Structure formats: C-alpha cells, structure tokens
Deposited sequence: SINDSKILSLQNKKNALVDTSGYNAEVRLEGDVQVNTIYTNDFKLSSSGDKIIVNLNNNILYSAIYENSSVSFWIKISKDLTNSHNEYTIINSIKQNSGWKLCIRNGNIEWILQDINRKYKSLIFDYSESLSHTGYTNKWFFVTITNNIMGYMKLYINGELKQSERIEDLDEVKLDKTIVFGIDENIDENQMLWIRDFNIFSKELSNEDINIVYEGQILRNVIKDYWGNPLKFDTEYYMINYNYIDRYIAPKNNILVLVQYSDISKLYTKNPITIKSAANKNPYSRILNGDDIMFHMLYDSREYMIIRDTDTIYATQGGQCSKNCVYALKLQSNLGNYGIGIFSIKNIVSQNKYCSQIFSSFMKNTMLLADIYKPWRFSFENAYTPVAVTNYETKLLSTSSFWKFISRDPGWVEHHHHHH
C-alpha cells in the first residue's frame, strides 16, 4: 500500500514532515501543537493555527488526476460538534476548483469542485445528536476514494458509508497547496485533532483500507472512551458498556453501580486509576494483556479493588465450582496481591476492553443486576467476576470503557 503514498505527514525527529519520499514542503503557522496524543497527530484549536503543505507540483502529473485516496483519523470536540455552523478544516480549493474537508452541524463533509464551481459532496453524520453512541470527541478513521471514471466514496473505520457520482462534473483543477486549519472564529473549547494524514495515487481496495485502519489503530494499545491510549495512573470513570450513566460505589463492603445524579454527564464520581502489576512507568501506555490493579481514592483513603474469595450466594458455602459469581471489594492494604491482579485485553476482532482474573479460577468481569450481598436478596447493578464465561465473550455486559477528562469534552461538576 505504501508504494502509492504520495504524501504522508509524520512526526520525525520532533517535526511534522512528509515521509512519502516526495519531500513536500510542510510549514506550520501559528501555534499548532503536534504529537500530543498520538505520534503523528496535530491539533487545530485557534483561528491562527495552520499547516501549509506544498506538494511538488510534478506529482499531479500522474494517476492522481484519475484516482486517489485520502486517509486520516479525526477527533472533533463536543463544542465544535455542537455548532450548527460550517468550518473549513482542510482546504485545497484555488481559483474555483479543487477539494476541501469541512465540519458542519455535527457532520463531516468532503467536497470536490469543478472549474464552473459545481460541486459534489460526501456527508457523514458523526454526531448523531451528541449521542454517546456517536463519535463526538472520539477518534474515527476516515478514508475517501476518488475515481474520475465514476465515484467518490466515504469510508468510516474501514466501512463504506456514502458514495457520490463525480463522473458528471466538468474539469477539476487540483492545486499543489493544502491548508489545514480553521479560519472562522471559534471558542476556547472548540478544537479538533487529526492524525496519520496520507494521500495515495490510487483508489485503495476495501481490503487495503482495512489494512491501513488496523495498522493505525494500534491493536497493542488499550484505548480510553475517546480512542486515546489508555495510561497507567490517569484517572478514569470506569463504566460498563451497558451502564454509561452509573458510577462505582462501595456499599456494605462490596462495589455496586449507582446512577449519577445528573443523567446527562459523563464525568461522574469515584474515578479509578490503573496500576501496573509488572512495574511499568507512571503514565505509560496500557497494552493488550498487561497485568494491572485498580485503585480508588475514596473518602480520603486509597484502596485497591479485589475479587471476593467467596461467591455472592451464601448457600454455596465457598465450594462453588461452576458458574461462580464473585463480588468486588475495596482493600486498604495496598500491594501486588494476587486477588487484586487482573489482565486487560482488547476484544478479539471487534474502544472497549475485557478484564480477566486468573486468581484461583479463571474469571471475567461483567456487569448485570444481581443480588450481590450474601446476607440479602436486595438487587443491585453489580460489577462481578464470573467463571465459565465462554458464552459471554461477545456480550456487551463484558465490555468496559474508561472515560478520561479530555480537553475535547468539557463538563463542570455540580455542587
């Protein structure tokens, strides 16, 4: 695939440069922050922040005029996503013609415009009304393919979403200059990030688009809710996929999931931090298969989360051997205690992770409505460790996410 790359913006020796071999000029204006979350990323957060790319014009005398692909990841803040306005983000229109990428009312839009100012567009609603099921402030992978013989096509995370006919446009005059940046007035919380920006001189196959996607998602790296690398020490609101409006609370010596008082907020209560059981550095990336512990600062004391030794059902008398369900508890004695060591893994194939323990029996963490106190028949939404979990490996009840306080999603805690 890389053989057809005619532009590849990557961070080399602490600079954003073109590594394609064609040595495009890459000039940064304003105060563009680079390599803040991912190596090849850059942030557009102010009206003056611009990256100006000038390609060697001779590149345009090639298959690029007949077929091309553009790929990159993008992450758009909540406040920018919420705006009804239109913002040009990547501009390669000169003299009435070329292409551009815009954001408008929670959509991304790719525009191709001919020499008569007639244009065609691909539009994707990434916001879904700021739904937590949507992509607001989440990294997603974009790929546009263009073929003058037919269509331009928009792929999101490797999947075709939209197509538009372009064979009926008149001449398109491409320009050698690409300008990244927002010219409109934007508020302090309005910002976006792009990473791994590439242009190819061919129309990539579906298979090849997915190879680029899987390469660049970094399957080794567990992700937070937004698609950023998960890190040791960082505070996260840990949630089960099924219960995004609940927080983890100790109640009568176990942990349960309690609904936060403001149902519309992601940043709730009692964030956890993740610690390495293998002595990795503070704030280092958490990798697929890493052995970890969970800490929680609660009422001014630091605790570690442990699995209960006995199941939630008193009649099992500590002798359960199949379909065993264990509550989670807080322990004030901190250390590499086996009962509190877990393994974290990305979900085979399918920004969620699964969490396992191999202390005494193999278990997997899930959340469901149980009666988690041995002395009681009271029901609670409960995070539990269960054995014999083969049939639950595709259940969303086994999927966990970690919400960091991210600058692209701002909230203020009520009193």
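In sequence order, the deposited residues that have no C-alpha coordinates form the ranges 1, 352 to 353, 419 to 420.
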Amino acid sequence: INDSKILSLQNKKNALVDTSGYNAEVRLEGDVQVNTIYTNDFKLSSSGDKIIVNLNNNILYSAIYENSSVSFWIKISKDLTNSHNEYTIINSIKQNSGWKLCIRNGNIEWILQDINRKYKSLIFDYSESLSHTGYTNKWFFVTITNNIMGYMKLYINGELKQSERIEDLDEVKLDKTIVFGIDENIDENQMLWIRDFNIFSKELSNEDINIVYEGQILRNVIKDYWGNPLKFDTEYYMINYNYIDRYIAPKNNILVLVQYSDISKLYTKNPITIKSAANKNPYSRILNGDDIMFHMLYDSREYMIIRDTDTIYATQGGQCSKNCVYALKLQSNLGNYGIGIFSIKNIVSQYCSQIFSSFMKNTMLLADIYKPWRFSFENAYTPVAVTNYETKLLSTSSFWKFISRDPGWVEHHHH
From here on, numbers count along this sequence of modelled residues.
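Averaged over Cα atoms, the B-factor as recorded in the entry is higher for 184 to 192 than for the other of 288 to 296 and 184 to 192.
Higher average CA B factor: 39 to 47, of the stretches 39 to 47 and 359 to 367.
Across the options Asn323, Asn270, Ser121, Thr81, the residue with the most elevated CA B-factor in the record is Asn323. Remark: of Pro229, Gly158, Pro250, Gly215, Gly215 shows the highest value [criterion: C-alpha B-factor in the PDB entry].
For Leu9, the recorded CA temperature factor ranks within the middle third of the chain's modelled residues. When all modelled residues of the chain are sorted by CA temperature factor, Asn56 is found within the highest third. The entry lists a Cα temperature factor for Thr396 that places it in the middle third of the chain's modelled residues. Among all modelled residues in this chain, the alpha-carbon of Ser62 has a temperature factor (C-alpha) in the highest third. In the deposited entry, the Cα temperature factor of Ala385 sits in the bottom third of values across the chain's modelled residues.
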